[PDB]
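First up is the structure itself, then whatever we jot down about it.
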Amino acid sequence: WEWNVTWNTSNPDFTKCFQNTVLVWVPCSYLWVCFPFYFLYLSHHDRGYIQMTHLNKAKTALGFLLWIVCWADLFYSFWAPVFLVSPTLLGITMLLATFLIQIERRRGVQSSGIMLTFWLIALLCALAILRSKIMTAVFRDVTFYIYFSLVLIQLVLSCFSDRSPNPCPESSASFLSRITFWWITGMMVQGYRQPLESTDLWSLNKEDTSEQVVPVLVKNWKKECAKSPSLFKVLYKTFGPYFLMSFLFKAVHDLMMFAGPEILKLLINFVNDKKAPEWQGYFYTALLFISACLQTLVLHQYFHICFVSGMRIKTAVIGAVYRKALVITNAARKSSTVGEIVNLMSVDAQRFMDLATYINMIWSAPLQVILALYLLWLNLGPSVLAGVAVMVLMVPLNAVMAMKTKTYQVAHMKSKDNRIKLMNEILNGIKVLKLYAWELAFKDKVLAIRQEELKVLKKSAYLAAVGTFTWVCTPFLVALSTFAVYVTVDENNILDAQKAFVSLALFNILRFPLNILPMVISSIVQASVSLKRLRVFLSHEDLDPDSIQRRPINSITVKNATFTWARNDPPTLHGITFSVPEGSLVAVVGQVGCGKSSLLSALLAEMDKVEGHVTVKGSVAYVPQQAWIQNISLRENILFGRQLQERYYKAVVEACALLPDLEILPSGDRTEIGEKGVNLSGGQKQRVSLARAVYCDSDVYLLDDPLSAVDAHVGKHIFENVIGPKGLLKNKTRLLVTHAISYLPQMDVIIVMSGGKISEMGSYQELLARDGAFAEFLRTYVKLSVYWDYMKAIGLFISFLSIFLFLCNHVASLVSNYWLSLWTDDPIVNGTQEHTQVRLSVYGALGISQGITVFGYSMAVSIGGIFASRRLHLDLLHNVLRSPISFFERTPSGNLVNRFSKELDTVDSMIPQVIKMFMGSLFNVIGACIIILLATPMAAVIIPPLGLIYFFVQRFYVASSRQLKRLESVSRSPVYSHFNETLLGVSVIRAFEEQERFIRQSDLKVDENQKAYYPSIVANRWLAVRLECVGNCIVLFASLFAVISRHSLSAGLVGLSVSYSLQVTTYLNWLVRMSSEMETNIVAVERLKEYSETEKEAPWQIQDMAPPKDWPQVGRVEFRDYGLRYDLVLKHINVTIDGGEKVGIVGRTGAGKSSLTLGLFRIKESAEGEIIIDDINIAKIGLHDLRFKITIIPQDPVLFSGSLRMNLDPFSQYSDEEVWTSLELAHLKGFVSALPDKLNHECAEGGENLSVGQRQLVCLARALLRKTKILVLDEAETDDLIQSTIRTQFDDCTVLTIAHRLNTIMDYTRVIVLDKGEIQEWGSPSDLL
Ligand SMILES: C[C@]12CC[C@H]3c4ccc(OS(=O)(=O)O)cc4CC[C@@H]3[C@@H]1CCC2=O
Ligand SMILES: N[C@@H](CCC(=O)N[C@@H](CS)C(=O)NCC(=O)O)C(=O)O
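Numbered per the authors' numbering, the sequence shown spans residues 16 to 94, 103 to 160, 169 to 196, 206 to 268, 311 to 635, 642 to 869, 957 to 1301, 1306 to 1455, 1462 to 1514.
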């Protein structure tokens, strides 16, 4: 080895000894170090054995022949020391190669990465020797030609995939296809033609499905708890081994990327040095291209590994949380807010998956800094210390800022949750709000919290501006400090391109690890507390099934059993004993808080058994007090997974008297009942629950007050056909918690208790004869138009200022780098450069302008986003409130809420950041291309083909990824939606013993989410590789055209072009990523303005024909030929209600009774009618005016969240004395004075704390405080009170009354009867009879 032939001569030939030693030791050596390690994978991972195919044999036979040929050399040598050891070593490694394909066949691997890279390395080594041997010119040469031809054919064979031993093609994908991710390209094509749906999505890998990952974590956590508990131990014990490879991949990727600046150094030396061989530059550019491609492949395999591991972590955590929820104790379940348990899978699971892809940064960010610093130390020297100072002045600050960001993020979710719930209260109750005309206040109420939001979003915007400044300017800031110090401390400190641009490249390579390090640390610390929460959920006590002896088929046996609701709380059921025989009806009897429901909970192993013995025999069907309804159809609610039996189902439905409920419901039993679908009354929910229990056909039934909400006739019918001895459950052991005596004599056994203690149980007649506790009990009683629209929403001046500042930034950066190229071209004079202070001053001024302009650019667009979010929320609120209630009933509340939630969040927190990042990446790519073109114009021919290659990759990915990012977001909500359902009905899940079914359903939901998430991450890793190679071949091309024209280009220009080509690599990938994110997030801005053009209500205030202050002078109502639609519900209505005359409206279901009120409040428009109050037409008056001058007490009053005073008057227009007087007149003074908060009592959503009677009296208080002459009543215990109050002082005012009860309407004169919209009778009740 001497530079005489390997470097100096224009023919770069390797020496003969080098050829025969190192070029042969490289490949043989590769297989020797990998062979042992490869058994680990081959053994731990198995897939069967591949059959005997021609390909496998062809490879094995060539491996035998290759070994022979290599040993044939040893034979001829036997017939120089290197002529013995080298052929034998090659033969032995060849014998290891053929044995390896053999064992790979045995272990079922179709595509072999080792048997592809090994042949590639051998081929390259053979190629080098081949060229040398063909340039030298029989004896030993022909053996090498045979070896090379066989190696080439072996390499070609190794590319094809062997036979296998809508599934994901990844399993059958070749290594060439598993490194380029070519197997997803089909979806990239398919997503371009046919929009994707869930069926097209590939099935999850068997090692990736929840059915496999979750039991691993469950088993490992069980082992860890049995050992002692730390969730981190299990987390890095189960997912650690697969996550290990990401480390090797990240280390190799770091080394490969650092190799780039070294090759740039060598290329700058070559260009700067004439009289050098021309092949040296070509070798350097080929090496740079190879290094860039290898770095791309290794890096993207690393992320694939990280992203798969994070997804597995999320799946396992979600499954473990779901399975632990069904075993958790009541005490513990209540300790953690239900919403908190949903958050465990909503955020904690997500945060883990998001963080996993970057855990390796904690070890590689410092490495990419330390190695870069060493590299910088090789170029500049001690001056690099100044650069370190900049890091000490940057990385900490960002970290602090990063933490603050998270804080503000939390505060954001403080206000977001503060509004969405309020928005729900607005969305559930639009009828009452429109009638009470508080639309404008709530608008401001809602608007107030948005302003509070922006108070927090603007703080986050200041932080985000600091973050983009500290990210994009980080490479320059370090470069400026280090260059200034380097050129100032020493006068002989020459600055050549080699010692500047290479360093500059390093600064681009220290941009990423430097600023992601803080973020990641932040994402670690936050994840840390999330982890603790998970541990808190996974260390909670379990409910031992042995507590209740569940013997398969004296039916229920309890002796000396005391139960608790908690370990430390006192017993709720003290010393209970009773024996319920098979097929007997037992009624639990007691007062409120006695312990009746606790008995049924104890029989289900829900109570904590401190002592005793319970021996419930056979399956148990639980009808809980609080009915649990699944969001599935009513048929599947009753079925509860069990097979459908038409005769049994049709015997169960009417026996529960569910036939009228089926009739009223739109789709019958196929209607979507539950919270999300159609809402059901409490009695209907109890029926469904009872019907589900009856269909389940258990032997033991625990009916915790099934007849609480059903009416007396319906309850008696139900007991007759279901629970009674002559019903459906005649032979079933039925336990019924009741407080109604009507069915007590039919009960076989009455268990009457007091204070959680058995108190003289027995049969009804015997208990009555005994005259004890039971007697006492009885005696008790996308086009661009949307981008233009968002640009308008931001503000045209702000947007154009942001564009101007961005252009200034990129021009400044490009000009500063060109200035550096000129500065490095200053000829050394006597060991210095004449222009050092001037050049450095220009560089510093340009960069200071660049930094301040970056700060301005980020801040400007951030403020524009704030403004756009403000205006968009104002527009959405105004349009929603202006829309009539027909729109409100038509559109599901889900999409109306989605307009305000999870979509405003994208507009206000994602779109500004994503647009900043997109614009930055796009103009960085444009600037790099411009610099390369300026340096080497001949590279222009490169632009079309690669551009074409870009275009398709730009066209295919963005079309497909969007769908993948929608479908995923489609399946994420049900996973939590199921879990919530599971959490609400845990007792019902355990009582029916259907834990496995719900566990499998949750696993299916999670797999549905992952079947869209996995294609998304693989799409990212496919797009990444595609764009990288394009940015990689331009690095090779820029370098190649620099080498071609080295006689005219200075070293500085070459280094500048190569460095910009190095960074355009990551810039192109980030460009398209953010381009797809633009469409996905700008669809939200499009959907925000989905109601701006819909039909709105009549103007609230006309102000041209406004009525006088006392508009209802007497309250003379006149329906003059009224006709209301939504063919005509109201028709031919010509009636006159005199001022201060009580009038009621009677009619059956389907008449226009209620629709008549809708006529008074102009909620809908008159198809044909001229309703006039006094001497003024209603249709001419603005809505608010009439809605303010007329009052309505609806069917169900809505108590909005807030204080009682804001309920009675949000406009706070009426004085406190008026509020007090109205509340006293509403029979509410005693109660309203009782709250500690006086008038400021904080009532929850819908007034859950208040009783129904109270809420009704609060609505009456609202109507009374209004003090209007026209009042409407909608009638459905407190009826006596509300009727008396409406008859007390409102006699002066004209009252219309729509009551489903004739008793109250009889009191009111002038009754109007509506048969089918027509006026059937118009006169006083005296004339009625
Ligand atoms: C670190 C990051 C990768 C890319 C980053 C980036 C890239 C270019 C950029 O501006 S650019 O002008 O250089 O295009 C800004 C940023 C800001 C932060 C942004 C991400 C936050 C989380 C993440 O994975
Ligand atoms: N220089 C980076 C290149 C990798 C990269 O893609 N960086 C960012 C984006 S600029 C990232 O992690 N993206 C992951 C993704 O594509 O989701 C490194 O060393 O990791």
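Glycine included, every Cβ here is placed at the ideal spot set by N, Cα and C.
In the structure shown, the three-state DSSP call for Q1505 is strand.
Taking the C-beta atoms as reference points, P196 is found no nearer than 8 Å to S243. Per DSSP, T1473 is not a residue of any beta strand (DSSP E); the alpha helix (DSSP H) it occupies stretches across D1464 to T1473. With 16 or more other Cβ atoms from the protein chains shown falling within 10 Å of its own Cβ, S465 counts as buried. With respect to the C-alpha of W1286, the residue from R1341, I1351 and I1312 having the closest C-alpha is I1351. In this structure, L688 keeps its C-beta atom at 8 Å or more from the C-beta atom of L517. The C-alpha of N575 lies about 18 Å from the C-alpha of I350. For the pair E1254 and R1130, the CB atoms are not nearer than the 8 Å cut-off. With fewer than 16 other CB atoms across the displayed protein chains lying within 10 angstroms of its CB, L1513 is exposed. Taking one beta carbon from each stretch, the stretch 580–591 and the stretch 450–467 have 3 or more pairs nearer than 8 Å; the two touch. When the alpha-carbon of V825 is set against those of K814, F1063, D793 and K74, the nearest one is in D793. Proximity to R1291 across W1275, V740, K1321 and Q133 peaks at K1321, based on C-alpha coordinates. Three or more beta-carbon pairs drawn from the stretch 1432–1450 and the stretch 1372–1388 are found closer than 8 Å, and the two stretches are therefore classed as touching.
Taking a cut-off of 8 Å for Cβ pairs, the stretch 601–617 and the stretch 1259–1268 do not touch, as fewer than three such pairs fall below it. Under DSSP, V1314 takes part in a beta bridge, and its partners are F1294.
The beta carbons of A1484 and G1326 sit about 10 Å from each other, so the pair does not count as a contact at 8 Å. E507 sits away from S1162, with the two beta carbons spaced by 8 Å or more.
Its Cα nearest to that of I1060, the residue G511 stands out among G1502, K156, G511 and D355. Residue pairing by DSSP places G850 opposite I838 in a beta bridge. At least 8 Å separates the beta-carbon of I1106 from that of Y1018.
For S612, the shortest C-beta to heavy atom distance toward ligand 1 is 7 Å or greater. With respect to the 8 Å criterion, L692 and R1165 are classified as neighbours on the basis of their beta carbons. Nearest in C-alpha terms to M841, of all of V1004, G683 and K581, is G683.
From the listed residues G114, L995, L146 and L112, the smallest Cα separation to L577 is found for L995. Straight-line spacing of the CA atoms in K1310 and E1349 works out to 12 Å.
Setting aside the 5 residues that flank it on each side, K357 has no residue in the same chain whose C-beta is closer than 7 Å to its C-beta. Under DSSP, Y384 takes part in no beta bridge, so it has no partner.
For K705, the secondary structure class from DSSP, reduced to helix, strand or coil, is strand. Annotated three-state conformation of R1300 is strand, per DSSP. Here DSSP, grouped into helix, strand and coil, assigns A675 to strand. Going by C-alpha positions, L515 is about 27 Å away from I1312. By the CB criterion at 8 Å, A797 and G770 fall inside the cutoff. Look at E760 here: in three-state DSSP terms it is strand. Counting C-beta pairs with one atom in each stretch, the stretch 44–64 and the stretch 73–81 have fewer than three that are closer than 8 Å, which means they do not touch.
Cβ-Cβ separation between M443 and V602: approximately 5 Å, consistent with a contact (criterion under 8 Å).
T140 has its alpha-carbon roughly 48 Å from the corresponding atom of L1015.
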